[PDB]
Amino acid sequence: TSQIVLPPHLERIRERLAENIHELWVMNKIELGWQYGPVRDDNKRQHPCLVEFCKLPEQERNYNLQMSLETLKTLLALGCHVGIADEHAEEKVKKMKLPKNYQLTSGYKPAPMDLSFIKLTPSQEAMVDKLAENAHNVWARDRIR
């Protein structure tokens, strides 16, 4: 599965979405015991991916935006409406829907909210298998070549 590339109309959202999504997603890689460091290694109990969006270099800056781009580019390629009618609720419309749940410790712990007081759509519950299979699709067009 690889349909199209993204247009730039969402670029008004995308940078604030990046500053959000790195303040959500980077919390996950510390329960093992990892921590920021200079070099790429794990035997000394560290991971340099525990750094903010803009703080990382450009190749690692786009690394955080890439997952959101996967959730965006196939959605826009999906045919169903995914345009920004309900604007994202942080740093553009003061509603404060994004930062709700967190737990700080000795580690990089921003606030990814596990939103579960709402019925998920009938789409993304089906597209869990899609986005998990797209990992192997991306890896398979590399691996078969």
# chains A, B, ... in the order shown; residues from 1 in each chain; ligands from 1
call {"tool": "closest_atom_pairs", "arguments": {"of": "segment 11-40 of chain A", "to": "segment 65-70 of chain A", "cutoff": "9 Å", "atoms": "only C-alpha atoms", "output": "Markdown table"}}
result
| residue | atom | partner | partner_atom | distance |
| --- | --- | --- | --- | --- |
| A:14 | CA | A:65 | CA | 8.3 |
| A:15 | CA | A:65 | CA | 8.8 |
| A:17 | CA | A:68 | CA | 8.5 |
| A:18 | CA | A:65 | CA | 6.1 |
| A:21 | CA | A:68 | CA | 7.9 |
| A:22 | CA | A:65 | CA | 8.4 |
call {"tool": "closest_atom_pairs", "arguments": {"of": "segment 6-38 of chain A", "to": "segment 105-127 of chain A", "cutoff": "7 Å", "atoms": "only C-alpha atoms", "output": "tab-separated table"}}
result
residue	atom	partner	partner_atom	distance
A:23	CA	A:110	CA	5.0
A:24	CA	A:112	CA	3.9
A:25	CA	A:112	CA	6.3
A:27	CA	A:109	CA	4.6
A:30	CA	A:107	CA	6.5
A:35	CA	A:107	CA	6.7
call {"tool": "atom_distance", "arguments": {"atom1": "atom CA of residue 132 of chain A", "atom2": "atom CA of residue 2 of chain A"}}
result
13.5 Å
call {"tool": "select_by_dssp", "arguments": {"residues": "segment 42-73 of chain A", "states": "alpha helix (DSSP H)", "output": "JSON, numbers by chain"}}
result
{"A": [58, 59, 60, 61, 62, 63, 64, 65, 66, 67, 68, 69, 70, 71, 72, 73]}
call {"tool": "closest_residue", "arguments": {"among": "A:56, A:8, A:20, A:31", "to": "residue 103 of chain A", "atoms": "only C-alpha atoms"}}
result
A:31
call {"tool": "closest_residue", "arguments": {"among": "A:73, A:61, A:145, A:92", "to": "residue 6 of chain A", "atoms": "only C-alpha atoms"}}
result
A:73
call {"tool": "closest_residue", "arguments": {"among": "A:60, A:19, A:133, A:87", "to": "residue 48 of chain A", "atoms": "only C-alpha atoms"}}
result
A:60
call {"tool": "atom_distance", "arguments": {"atom1": "atom CA of residue 104 of chain A", "atom2": "atom CA of residue 53 of chain A"}}
result
19.0 Å
